[PDB]
Amino acid sequence: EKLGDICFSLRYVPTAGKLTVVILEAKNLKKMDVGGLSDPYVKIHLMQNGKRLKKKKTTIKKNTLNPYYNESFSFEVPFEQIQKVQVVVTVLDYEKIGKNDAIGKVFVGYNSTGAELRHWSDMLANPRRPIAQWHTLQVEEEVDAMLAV
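Residue 420, in UniProt numbering, is where the sequence shown stops; the numbers in between run on with no holes.
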């Protein structure tokens, strides 16, 4: 059941309606293709009502299960909408040929629970303060069911 964990920061500036996500690192990632190499990268999606609104991606790290990224991404989300959105973070194994397999995902924001809700609520309660937290990756099938319209 151990897919890995991902650390990212969240920051929200209500006046400008700027939501910043910094992908910091991932650890203990599942090795997807046994025998070969693990080349992880991270995708970030901004979602609302089951729709992917914006998609961003990190660089690809080669031959590691414990990649460091330190890559920042910003989204424009007005303060009247911030409580309705979801930020979805997926770690995938890059392959030059074939669909890239997801290792796992997590989401924060509307309809999140547990530690993910706590991270989002901390961000909202502290305008302009970046907040970093570790999250356990979950299998995509379960996260997708929760995100679907």
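Even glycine gets a Cβ: it sits at the ideal position worked out from N, Cα and C.
Looking only at its own chain, which residues have a Cβ that is under 7 Å from the Cβ of residue 376, when we skip the five neighbours before and after it?
359, 360, 361, 408, 409, 411 and 414
Bridge partner(s) assigned by DSSP for residue 377:
360
Helix, strand or coil: which one does DSSP assign to residue 409?
strand
Endpoints, beta strand (DSSP E) assigned at residue 259
Outside the modelled stretch of the chain, which goes from 272 to 420, sits residue 259, for which no answer is possible.
What is the DSSP secondary structure of residue 370, counted as helix, strand or coil?
coil
Within 7 Å, strictly: CB atoms of residue 292 and residue 315
Cβ atoms of residue 292 and residue 315: closer than 7 Å.
Should residue 374 go down as buried or exposed, given a rule of 16 or more other Cβ atoms within 10 Å for buried?
Buried, because 16 or more other Cβ atoms sit within 10 Å of the Cβ of residue 374.
Segment limits, beta strand (DSSP E) that includes residue 296:
289-298
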